[PDB]
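Structure 1 and structure 2 below are two forms of the same protein chain, each written out on its own as structure tokens.
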Structure 1
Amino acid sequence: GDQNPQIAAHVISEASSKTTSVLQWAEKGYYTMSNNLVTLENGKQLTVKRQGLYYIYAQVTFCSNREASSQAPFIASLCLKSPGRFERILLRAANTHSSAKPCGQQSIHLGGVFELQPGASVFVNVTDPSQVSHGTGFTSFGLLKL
């Protein structure tokens, strides 16, 4: 206050206690939720209350074994739920593990501009949630209205 009412979010990773495969987040650590027109709904997803173009991003780090998760690539997907609609993938990134190298810590950065409908919402899928790296700083998600 007053220095906020742009629409923007930045949210921090947290481990799911359920079989997952969508990422959970919190409003903790270095977080942003600049106003009531974004919210973290659990979800866990970022829900916008205004239509328009948004820059949307995620970062996922994981630590992984090649010979153990041999299935085969890690992939993180930015996905969209719009009201009364099926779900879409917006972005995906793959990284390999590569059989048989050891618990390698790797990151993924995803980002682009998309239209959102009022009522929104965006989330992140991964193939390998147990392998995900829970920070600090390592795994995050957010958006900004342009």
Structure 2
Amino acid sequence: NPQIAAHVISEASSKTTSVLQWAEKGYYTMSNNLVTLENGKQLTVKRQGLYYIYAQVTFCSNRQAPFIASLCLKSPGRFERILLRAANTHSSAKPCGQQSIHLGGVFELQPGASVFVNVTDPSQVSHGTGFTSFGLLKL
């Protein structure tokens, strides 16, 4: 059996949406077509089983409602659901202050399930090298 893993890099978007966008570029991972990055916004797995799923988000803001990042799951035939969430209060630094969140855990996925990351303010996400990323590996 092949190893199944993905690591994708953050991508900015002028688009109007809380869903973060990603790209297969730089020092990324995509071991085979058994995980795919779909529509720049979700990692989709072909095979059922246990996966370790993670995301890290750096954002730069000034401010208060927290900045919240959510790892979400869409399974075939099911409504979307939140798997993990992390918060950080906004910095007072000018012009903005950077803060980071890391999320990760083990979850059972169904064939064709997709995971994605949502945030309170996508325009505040830091996209400099290494700051923001999303991945998974099959156990």
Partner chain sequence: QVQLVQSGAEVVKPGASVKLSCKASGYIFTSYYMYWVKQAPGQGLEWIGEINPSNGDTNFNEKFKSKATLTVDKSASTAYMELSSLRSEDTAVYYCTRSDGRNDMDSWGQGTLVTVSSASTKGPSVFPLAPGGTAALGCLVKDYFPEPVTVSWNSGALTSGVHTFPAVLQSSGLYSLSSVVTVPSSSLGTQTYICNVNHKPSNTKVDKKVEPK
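Shifts are known only where both forms have a C-alpha. What we label the rigid core is the largest C-alpha set whose atoms superpose within 1.5 Å from one form to the other. Numbering for residues begins at 1 and runs along the sequence of structure 1.
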property: Form deposited with its partner chain bound, given as structure number; result: 2
property: Rigid-core-referenced C-alpha movement of 2 Å or more between structures 1 and 2, selected from 35, 96, 99, 105; result: 99
property: Core-referenced Cα shift (Å), residue 84, between structures 1 and 2; result: 1.4
property: Shift in Å of the C-alpha at residue 17 between structures 1 and 2 after core superposition; result: 2.1
property: Core superposition result - C-alpha of residue 116, shift between structures 1 and 2, Å; result: 0.3
property: Sequence-ordered runs, three or more residues, C-alpha shift 2 Å or more between structures 1 and 2, rigid core; result: 98-102
